[PDB]
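Q: The structure that follows is given in the form of structure tokens.
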Amino acid sequence: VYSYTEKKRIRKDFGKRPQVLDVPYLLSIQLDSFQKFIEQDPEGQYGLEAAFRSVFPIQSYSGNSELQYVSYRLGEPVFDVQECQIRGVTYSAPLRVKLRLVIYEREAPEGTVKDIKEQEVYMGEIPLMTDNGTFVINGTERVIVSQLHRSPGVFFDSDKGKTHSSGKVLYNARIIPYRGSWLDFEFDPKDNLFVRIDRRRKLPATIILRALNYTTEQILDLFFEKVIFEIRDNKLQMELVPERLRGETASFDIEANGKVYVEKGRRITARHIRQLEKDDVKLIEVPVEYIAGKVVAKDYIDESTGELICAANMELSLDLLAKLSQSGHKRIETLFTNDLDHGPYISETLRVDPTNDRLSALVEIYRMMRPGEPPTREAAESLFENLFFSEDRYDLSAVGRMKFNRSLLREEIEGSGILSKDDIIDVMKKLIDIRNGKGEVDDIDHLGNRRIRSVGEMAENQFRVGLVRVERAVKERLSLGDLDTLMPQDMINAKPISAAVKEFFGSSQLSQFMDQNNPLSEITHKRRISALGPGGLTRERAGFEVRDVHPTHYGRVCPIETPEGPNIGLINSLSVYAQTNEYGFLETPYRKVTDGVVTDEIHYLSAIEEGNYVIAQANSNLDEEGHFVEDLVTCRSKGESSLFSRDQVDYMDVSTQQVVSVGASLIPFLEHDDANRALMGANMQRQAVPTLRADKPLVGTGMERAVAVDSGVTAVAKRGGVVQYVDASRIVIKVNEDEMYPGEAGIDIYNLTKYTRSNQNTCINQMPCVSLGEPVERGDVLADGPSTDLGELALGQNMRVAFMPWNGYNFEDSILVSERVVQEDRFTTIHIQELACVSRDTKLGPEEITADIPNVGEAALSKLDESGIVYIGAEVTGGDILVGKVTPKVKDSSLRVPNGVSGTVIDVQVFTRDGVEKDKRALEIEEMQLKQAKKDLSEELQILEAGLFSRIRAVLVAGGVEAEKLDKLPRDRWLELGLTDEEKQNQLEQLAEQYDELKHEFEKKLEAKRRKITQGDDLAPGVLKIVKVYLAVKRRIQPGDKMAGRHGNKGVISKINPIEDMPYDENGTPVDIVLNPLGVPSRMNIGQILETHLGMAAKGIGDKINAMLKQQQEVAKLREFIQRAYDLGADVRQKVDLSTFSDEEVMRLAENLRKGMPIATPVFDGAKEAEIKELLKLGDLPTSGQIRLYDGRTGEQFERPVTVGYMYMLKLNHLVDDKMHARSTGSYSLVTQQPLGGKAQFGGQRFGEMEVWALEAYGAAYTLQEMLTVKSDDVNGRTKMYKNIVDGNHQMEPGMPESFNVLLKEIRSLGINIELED
Amino acid sequence: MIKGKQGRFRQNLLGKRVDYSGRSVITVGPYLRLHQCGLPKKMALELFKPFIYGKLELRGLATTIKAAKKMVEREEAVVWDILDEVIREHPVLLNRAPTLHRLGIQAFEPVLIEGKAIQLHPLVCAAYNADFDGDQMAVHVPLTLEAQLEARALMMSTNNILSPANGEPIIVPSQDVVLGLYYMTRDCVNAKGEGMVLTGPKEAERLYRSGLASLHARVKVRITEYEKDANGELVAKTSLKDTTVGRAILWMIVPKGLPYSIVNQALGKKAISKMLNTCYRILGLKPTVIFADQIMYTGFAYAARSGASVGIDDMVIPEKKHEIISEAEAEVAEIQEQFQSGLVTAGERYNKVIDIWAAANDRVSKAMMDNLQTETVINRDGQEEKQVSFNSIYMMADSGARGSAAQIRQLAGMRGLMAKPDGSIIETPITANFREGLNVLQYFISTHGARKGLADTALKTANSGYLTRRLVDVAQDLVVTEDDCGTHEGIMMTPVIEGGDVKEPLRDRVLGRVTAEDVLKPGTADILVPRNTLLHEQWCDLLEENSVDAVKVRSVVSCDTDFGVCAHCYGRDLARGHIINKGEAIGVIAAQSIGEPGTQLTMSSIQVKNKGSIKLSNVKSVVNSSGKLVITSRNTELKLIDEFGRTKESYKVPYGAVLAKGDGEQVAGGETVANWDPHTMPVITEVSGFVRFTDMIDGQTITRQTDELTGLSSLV
Ligand SMILES: [Zn+2]
């Protein structure tokens, strides 16, 4: 089954893998982020309540006065979308926060608060998200992208190779809180551990460990194990555990009970260890020398003296052994230190310590934070405590705490926010183990180590910053907390949070002015991810590796979508099926696989989760069951792929399309083309521009539908039914009664978006695409937007194409186009220019807007109005005045069209600073918009009343139905008609209060919008009124313009040329476009050829259909041919029939197809070559597809017949007139007498220093001198050059450019005798 | 005021902006000539406002300047005549943003063209390395007549045809016209116009355009050449030559001086490059310019005639690819099982696996190349014959228009083995090929590789720019100031052999350089050339046929110029024929030339092949016990004195190497004399006698370690 609308134009498809799951909602991530952000969800949990309870409760210290928070709410925004755009303000709604303030008595903490109060106080205003996930900050549309940042937690890195040029691999650890100070631990080539905070000066690690109030003996106990020697009357017999023997050499005869177990010098084999274990030999006799090398652990004291027999962490010898022996301490404890197993890093780390008392370590910390201040005991103590053990300046989020526990092999996922001593202890334990081999570094580029945020996250963080600021203010004012004479609006301040949020949205590396020129552009930009921004690695210093893609991005980040040149691999886009894990990571779908059945269900997996498992490859052969017919099948387990058994995977890729992102999912025949040009094209798809007409891209991919429906450029049908009124202005839908709700039934009105400004100065507009009284389905197109075609994305246009060298006109990529292509203007594009003028008040009077201007031709004034403003619809040109502005003195400063650009005025918007009058045209426009708004309100009220009264009539079909009485009286009183005692009468009564509400709401909305239009909208200070004007320019095509297809096939256009010079086939049809064959081999893509043959075949089918339509070939033959066309070969997904089709639909669909047969093709599950050959056989076209062509100029066949077909070219947004720019004599810069630059200001080309070197390379001397001197200064040189050139002379007096004199006399001012010489 | 970026030196002596300057995207307009360029009419209008005003007041159309400004901005009728008049003779500079080498700025004559894009001559784009992707080139205009003289005389394309880095013509045709010319000088065995005779090329073109004959077919045609063997005198001879129809048609475009053998080949990119080289080296400059212009035009026209296309069927996948891949899969499975059996290690397993995969890929490459090159098998007018193939892809590759063997290998066959981001080659190659579909994984890995390449290219671009900056700023000072230092001292130049084939010959290294000492041929007591003379191509070829191996030549480092360099020390100024001229600085061009390819850069025993006598250098040897010759000198090197007498082969001999022969003896070509054991340092003895333990203390200095294999131990 298929929708009526979808049945309008069924797109042919090729594909074998069934669509187990559809394309999800593409714009999901932004909606998820914001809806999670804004909601009255209980228990916080990543919501505004979370921030509130983080900042609340609040009270001045021991003030017995607590401000507590009740609830938060958001009323409707002051405006809606369209009027907000027109006005230019933020699209935002307030934040009404119920706060409860309660104050106790003295010595009554637990006692009842003596006074209570609560109020819905005002706290700032927040912007709202658009239905398309966007925002409006000031009459402008922007997108907040998410940044792929590092996951908070703990990580470990090697830093090998070039480090110290010693070949000694280092090992570093970094604990990175979600919010708090950084922390890093670093070894050195001397095998000494160290620590630094915030990349500050290096310090020993253990210094902070003893600063954690742990004794040296305690520290060594934590980081070592005890080895015991007993004074058994001589020789200090040792307790031996076999596990402390591996990888060692016995310097003595290890023996016991009179039996030798290891001879002196014999290394301890595993056999010796087993001998000891089976014999169970623990106590042995060791020589004194073996104990000399050992290091004492603790501090011993003699009984008589009590003095230090030996300091902790000290090597032993016979003298110390005797000194402790006289005391008689039978217990001699050392620590098991091995070069291989337990390097004694802690020992010398302690020996390097400056001091021993925790106070000195705290003093060192305090000095290190802010060097050059006195060390204070209590300030240092509080500093250390709150630096890592206080929410104020340190915390770990759930994600941070979760991954911290996870890395530490722990069992609990949720824990404290601040650190604990054991946390650092165990992190150091892991570090030393990695130093010893167990464990490993964490590959940072791996996504599970990374993390992605979403708009709510940063927005809530800014809210928290503002919250703490206002909390500081509140505590300050509450330090003077008086006795209930104030309410909590003296406590509060509106500026802070609103300022923070609006500033962040305005200026930020994450809030970017959206790229709004094409549905694909905006959807891709929203589905974008970056590594930049706060906590984001800088563009210039970014590592080459992070640029490089890591294997785990499979399915999670499209390798093929990222802009090239200034940066690469930092702004990788979002994969299609990728969703966001609950913990800010990237969940990806998969198909569960049982013992032998590929479970079609979906199961989501995380990054690290994939590594543990092994997953079946996408293009896997299965037979009616999911049963992998091949016992050997390629699958990937841990960053690598190889052939595995039939039953070893429990998961299976969801679809071929998963591998790429939306920006790449639309490239047909990607599998046959190199990644380089693929990426280049995929970027180029972003910058495409719509033409006047859509062209239903022939070689579709099936993704056009999903992007179309999700991209809200079109008028989607919220519900099914029929359209009752169709117009360019709007559409009226009577929803089906079952679809229609019983109460509030009414009918829907869809408002089309008209011709209006883009974000690239292009045009954007919606047009209806459905006839009157036409069935319509829910969730479906009603009116296409730009570059959308019956709800399918039509970016560029498909044209007849050929590959051959044509008189060298296509040398590098210089595309060739016939005058036919421009003749029907199918490439033509529209652009909008919004020129603005302001009326500020200066000294010596304000800036007037009068028509009267001194010394201006009446012709310039002729196109203007009485006030001095142009009439809409004027075919203005570069130079003419638009609004007559004069600076009192009086002098002329009237706005004009930019030089060299024509156009036609489409509209003038006028806003006035509140408190100044309006001219005749401004008042007229105000009245016109008033009339338009009143008209809109009246017509919507009238049609809604008509629907309501028709519902009344339907109700009165029964219940005292009256025919002559009903139509006799007018619609004023239809309830007076008879009806028995039924709910219908009450239902009719309900409709009567609905009518009264319609009246009163209409009145109130009328008054409100009347005031809103009439009132002067707030403007920046100084301005009295601002006037914008919109100029339309219809730019068609010219040589130098840039266009390309869907294979990265970049190409500028050489020369529009006659139809008659072009080659043409035997039947005479010429080729619209000709491209260079040599792009194929070097630029390693061939899919253009395949799709070209495909489009040729599809167009041949369409031509046959059109021929049999022109001839009366009634649906029977057409039905048979279409049936033949749609089945067409191997296993497919269409599986459609024509027996079900409604001959009306047959002819309508044939008409839709008379211009071509749209073909769908997944990324890799597309058609095969023979299938293309199969379609060609269905067509009349040659199986090879290389057709003989005939030259227009010579008039005969070209030997070696030529590949020709159909290609979907796209018009890029680089029009030659835009890039065109020059200058001869304009304005000089203020700071220096040099030409300006750029196009917006009439500048000149920039001569670089490498161009200087090249000039120096040539012997040309005068050229360089004059170019840098008179073409960029000397008064005599430039004046005399003007005289020569106007006189006809071409000659220069080089002289000397006075800047040399400036430098010379500047030096002379200094005590420097510098001078010329003979 | 003096320091910092705002300091006057760094403020206003640096890359500035320039008035009377323009910019736009560029196009071809091939019908134009290399001595001339296109320019959109509007740009001409705004650029030359003062010039047009001067001509206007000269004609008195509007005396005051303001009225003239009004007339021109109105775009009145007479102004275009004035524009043509001023553009009658007024060249201008065309430039590109990444100005790496000096041809990136160049002088040309504008022609007024409609539209909105600049037509640029095809070939010079290659010098500009500026594809037509949308590159926006800029334009400047000289003002003083001296600057016009400089541009027309120095920055003129006619005066800029050869590279400064070296003498190859930078005007070599790039990709398309080369296809047409390759299409010319290639034979089909049997077609129209095969098997007759013609009196000249004119009727050859007549018959071709008639369609009565094929574009190419072996046919005897009378042709005439004009040779300058005499003392600058033409001698016109004529004779029949077998040739292809297209080849004879091409012969007309050749100037008089050149012979026909040069055109009688397949005309590859290198072949045509040396064609231009000969044309310039024999006939000077203007004939080269005209010849190149006509080459452009005719090749474009006949490439259009060609209908050179490309299609899916035009690529062929040999069936043996299936079989070869099957064999490779079986072999890798066998080796993996062997590893499972424990015979081999994982590292060795992987190494052998990649080796066999590479060998299978080489087999596939050979199979497809054979399938491609000679696929044309057809009747000869008889039964059957196989000739070079006329498939478009092989024509493209063999012509050298674009690509190489590797890319066509990727197109038809497997695209080899990809590495990982760590750079280690991956065990599993790309079994599939582009013509067939590529699985998810192969495309994924290829994307890893390609993105690595792209990021590396960006980094390499930045680093090359910075390094070039360094090279220019270090060498800004040096300039030629004297003709001759009068020094007798110079470097010695010889061919270069790394230990294999000679990599750069003597002709290239010595060309255009003034000898420091005269050349002494081995007709000893022969002053083959004077002592202080320049060596150009004729002299270099004289030396080459004379078999001169080492030549002492002047060098700049040996120059005794005070505060400068002597011209004779520098020799030829490449990009020009004559010796370097006085005053012309060379440090900047040298640095710029060496830096230009900075973008193009990247970020046991011996079997003697040649036959010759044996010579040794740093020789100190002895006959071993077995009678073979071993070397007692670490720095020894073996030369194979060829039959003529020159050292065609040189190899570094390690210590104590095994030699089946000795010095001053003859070795057959392909005889193993160079062999040795690279591991372990020998203690070979100079003399013979009893080996006493002189100063050997056992147990304190040395230790007695016993071998567990044989029993005969050795002191350690
Ligand atoms: Zn010298």
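A note on labels: chains of the structure tokens are A, B, ... as shown, every chain counts residues from 1, and ligands are counted from 1 in their shown order.
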Residues within 10 Å of ligand 1, counting only C-alpha atoms and all ligand atoms: report them as a list in words.

A: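 Checking only C-alpha atoms and all ligand atoms against ligand 1 at 10 Å gives residues 482, 483, 484, 485, 486, 487, 488, 489, 490, 554, 555, 556, 557, 558, 559, 560, 561, 562, 564, 565, 566, 567, 568, 569 and 570 of chain B.
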
Q: Tell me which protein, DNA and RNA residues are within 6 Å of range 229-246 of chain B, counting only C-alpha atoms, leaving out same-chain ones fewer than 5 positions away, and put them as a list in words.

A: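 The neighbour list is residues 184, 215, 216, 217, 218, 219, 220, 221, 222, 223 and 224 of chain B.
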
Q: Filtering to N, CA, C and O atoms, could you give me those residues as a short mmCIF file (atom, residue, chain, number, x, y, z; two decimals), in the first residue's frame?

A:
data_model
loop_
_atom_site.label_atom_id
_atom_site.label_comp_id
_atom_site.auth_asym_id
_atom_site.auth_seq_id
_atom_site.Cartn_x
_atom_site.Cartn_y
_atom_site.Cartn_z
N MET B 184 46.62 10.99 -33.50
CA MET B 184 47.20 11.19 -34.82
C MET B 184 48.18 10.07 -35.16
O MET B 184 47.96 9.30 -36.10
N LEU B 215 41.76 8.28 -40.55
CA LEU B 215 42.65 9.26 -39.94
C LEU B 215 44.09 8.77 -39.88
O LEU B 215 45.02 9.58 -39.83
N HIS B 216 44.29 7.45 -39.88
CA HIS B 216 45.62 6.90 -39.71
C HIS B 216 45.69 5.51 -40.32
O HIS B 216 44.83 4.67 -40.07
N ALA B 217 46.74 5.29 -41.12
CA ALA B 217 46.96 4.01 -41.77
C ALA B 217 48.33 4.04 -42.43
O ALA B 217 48.72 5.08 -42.98
N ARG B 218 49.04 2.92 -42.38
CA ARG B 218 50.38 2.89 -42.95
C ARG B 218 50.30 3.12 -44.46
O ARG B 218 49.62 2.40 -45.19
N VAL B 219 50.98 4.18 -44.90
CA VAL B 219 50.89 4.67 -46.27
C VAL B 219 52.19 5.39 -46.57
O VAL B 219 52.68 6.18 -45.76
N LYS B 220 52.77 5.10 -47.73
CA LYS B 220 53.95 5.82 -48.17
C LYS B 220 53.52 7.16 -48.76
O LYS B 220 52.65 7.21 -49.62
N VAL B 221 54.12 8.24 -48.27
CA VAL B 221 53.83 9.58 -48.77
C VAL B 221 55.15 10.32 -48.91
O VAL B 221 56.05 10.17 -48.09
N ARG B 222 55.27 11.09 -49.99
CA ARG B 222 56.46 11.91 -50.17
C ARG B 222 56.38 13.12 -49.26
O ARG B 222 55.37 13.83 -49.23
N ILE B 223 57.46 13.35 -48.51
CA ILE B 223 57.58 14.50 -47.63
C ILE B 223 58.94 15.14 -47.85
O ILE B 223 59.89 14.49 -48.31
N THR B 224 59.03 16.42 -47.50
CA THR B 224 60.25 17.19 -47.64
C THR B 224 60.66 17.73 -46.29
O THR B 224 59.82 18.17 -45.50
#

Q: In Å, with one decimal, what is the gap from CA of residue 358 in chain B to CA of residue 499 in chain B?

A: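 Calculated distance between CA of residue 358 in chain B and CA of residue 499 in chain B is 25.9 Å.
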
Q: Closest to chain A among B:526, B:362, B:85, B:313, using only C-alpha atoms?

A: B:313

Q: Given only C-alpha atoms as the basis, pick out the residue of B:397, B:83, B:673, B:263 nearest to chain A.

A: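 Result for the nearest residue to chain A: B:397.
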
Q: Which residues are near residue 536 in chain A? Cut-off 10 Å, only C-alpha atoms, ignore same chain within fewer than 2 positions. Put them as a list in words.

A: residues 147, 148, 149, 150, 509, 530, 531, 532, 533, 534, 538, 539, 542 and 570 of chain A

Q: How many Å lie between CA of residue 1256 in chain A and CA of residue 35 in chain B, rounded to one decimal?

A: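 Spanning CA of residue 1256 in chain A to CA of residue 35 in chain B is a straight-line distance of 22.5 Å.
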
Q: Which residues are close to range 1056-1070 of chain A, i.e. within 9 Å by only C-alpha atoms, leaving aside same-chain residues fewer than 6 positions away? Reply as a PyMOL selection string.

A: chain A and resi 800+806+816-822+1037-1039+1187-1193+1195+1197

Q: Rounded to one decimal in Å, what is the spacing between CA of residue 541 in chain A and CA of residue 445 in chain A?

A: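 So the two atoms, CA of residue 541 in chain A and CA of residue 445 in chain A, lie 15.8 Å apart.
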
Q: Write down as a ChimeraX atom specification the residues belonging to range 1166-1283 of chain A that are assigned helix (DSSP H, G or I) by DSSP computed on the backbone.

A: /A:1169-1178,1216-1219,1249-1257,1262-1269,1275-1283

Q: Between B:400, B:645, B:451, B:110, single out the one closest to residue 546 in chain B, counting only C-alpha atoms.

A: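 Selected residue with least distance to residue 546 in chain B: B:645.
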
Q: Write out as a short mmCIF file (atom, residue, chain, number, x, y, z; two decimals) with C-alpha atoms, in the first residue's frame each polymer residue whose atoms come within 9 Å of residue 90 in chain B, counting only C-alpha atoms; drop sequence neighbours fewer than 6 positions from it.

A:
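For reference, selection06.cif as written:
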data_model
loop_
_atom_site.label_atom_id
_atom_site.label_comp_id
_atom_site.auth_asym_id
_atom_site.auth_seq_id
_atom_site.Cartn_x
_atom_site.Cartn_y
_atom_site.Cartn_z
CA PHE B 108 49.75 39.44 -21.83
CA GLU B 109 47.93 41.48 -24.44
CA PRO B 110 44.21 41.81 -23.63
CA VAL B 141 48.10 47.37 -15.27
CA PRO B 142 51.53 49.01 -15.76
CA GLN B 148 55.26 48.54 -20.42
CA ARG B 152 56.41 43.22 -22.97
#

Q: Could you give me, as a list in words, the residues within 10 Å of residue 436 in chain B, counting only C-alpha atoms and dropping anything in the same chain fewer than 2 positions from it?

A: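 Using only C-alpha atoms, the neighbours found are residues 671, 672, 1168 and 1169 of chain A; 317, 411, 412, 413, 414, 432, 433, 434, 438 and 439 of chain B.
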
Q: For residue 167 in chain B, find every residue with an atom within 12 Å (counting only C-alpha atoms), except residues of its own chain fewer than 6 positions away, and show them as number ranges by chain.

A: B: 160-161, 273-274, 276-278, 280-281, 508-509, 511-512, 536-537, 572-577

Q: Dump N, CA, C and O atoms for the selected residues as a CSV table (one decimal), in the first residue's frame?

A:
chain,number,residue,atom,x,y,z
B,160,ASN,N,58.8,34.0,-21.9
B,160,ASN,CA,58.7,33.0,-20.8
B,160,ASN,C,58.1,31.7,-21.4
B,160,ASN,O,56.8,31.6,-21.4
B,161,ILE,N,58.9,30.8,-21.8
B,161,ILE,CA,58.5,29.6,-22.4
B,161,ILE,C,59.1,28.4,-21.7
B,161,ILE,O,58.6,27.3,-21.7
B,273,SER,N,57.3,16.8,-25.4
B,273,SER,CA,58.2,17.8,-24.7
B,273,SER,C,59.5,17.9,-25.3
B,273,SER,O,60.0,19.0,-25.6
B,274,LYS,N,60.2,16.8,-25.7
B,274,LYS,CA,61.4,16.9,-26.4
B,274,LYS,C,61.3,17.4,-27.8
B,274,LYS,O,62.2,18.0,-28.4
B,276,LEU,N,59.3,20.0,-28.6
B,276,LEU,CA,59.4,21.4,-28.3
B,276,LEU,C,60.9,21.8,-28.0
B,276,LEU,O,61.4,22.8,-28.4
B,277,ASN,N,61.5,20.9,-27.2
B,277,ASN,CA,62.9,21.2,-26.8
B,277,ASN,C,63.8,21.3,-28.1
B,277,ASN,O,64.6,22.2,-28.2
B,278,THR,N,63.7,20.3,-29.0
B,278,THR,CA,64.4,20.4,-30.2
B,278,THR,C,64.0,21.6,-31.0
B,278,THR,O,64.9,22.3,-31.6
B,280,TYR,N,63.0,24.6,-30.0
B,280,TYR,CA,63.6,25.8,-29.5
B,280,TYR,C,65.2,25.7,-29.6
B,280,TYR,O,65.8,26.7,-30.0
B,281,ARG,N,65.8,24.5,-29.4
B,281,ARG,CA,67.2,24.4,-29.4
B,281,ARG,C,67.8,24.6,-30.8
B,281,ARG,O,69.0,24.9,-31.0
B,508,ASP,N,73.0,16.2,-18.2
B,508,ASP,CA,72.1,17.1,-17.5
B,508,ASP,C,72.8,17.9,-16.5
B,508,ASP,O,72.6,19.1,-16.4
B,509,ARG,N,73.7,17.3,-15.7
B,509,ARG,CA,74.3,18.1,-14.6
B,509,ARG,C,75.3,19.1,-15.2
B,509,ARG,O,75.5,20.2,-14.5
B,511,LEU,N,75.1,20.8,-18.3
B,511,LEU,CA,74.7,21.6,-19.4
B,511,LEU,C,74.7,23.1,-19.0
B,511,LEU,O,74.5,23.4,-17.8
B,512,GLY,N,75.0,23.9,-19.9
B,512,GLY,CA,74.9,25.4,-19.8
B,512,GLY,C,75.9,26.0,-18.8
B,512,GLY,O,75.8,27.1,-18.4
B,536,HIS,N,77.0,24.2,-24.0
B,536,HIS,CA,75.6,24.0,-24.4
B,536,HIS,C,75.4,22.7,-25.1
B,536,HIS,O,76.4,21.9,-25.2
B,537,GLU,N,74.2,22.5,-25.6
B,537,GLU,CA,73.8,21.1,-25.9
B,537,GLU,C,74.7,20.4,-27.0
B,537,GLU,O,75.0,19.3,-26.8
B,572,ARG,N,74.9,29.5,-17.6
B,572,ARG,CA,73.7,29.8,-18.3
B,572,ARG,C,72.6,30.3,-17.4
B,572,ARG,O,72.5,29.8,-16.2
B,573,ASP,N,71.9,31.2,-17.9
B,573,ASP,CA,70.6,31.6,-17.2
B,573,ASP,C,69.5,30.8,-17.8
B,573,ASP,O,69.0,31.2,-18.9
B,574,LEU,N,69.1,29.8,-17.1
B,574,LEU,CA,68.0,29.0,-17.6
B,574,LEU,C,66.7,29.8,-17.6
B,574,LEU,O,66.6,30.8,-16.8
B,575,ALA,N,65.8,29.5,-18.6
B,575,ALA,CA,64.7,30.3,-19.1
B,575,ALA,C,65.2,31.3,-20.1
B,575,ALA,O,64.4,32.1,-20.6
B,576,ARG,N,66.5,31.3,-20.4
B,576,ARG,CA,67.1,32.1,-21.5
B,576,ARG,C,68.2,31.3,-22.1
B,576,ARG,O,68.9,30.5,-21.5
B,577,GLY,N,68.5,31.6,-23.4
B,577,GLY,CA,69.5,30.9,-24.1
B,577,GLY,C,70.9,31.4,-23.8
B,577,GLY,O,71.8,30.6,-23.5

Q: Range 792-862 of chain A: which residues are strand (DSSP E or B) by DSSP, as a ChimeraX atom specification?

A: /A:792-793,797-803,815-818,829-842,845-846,848
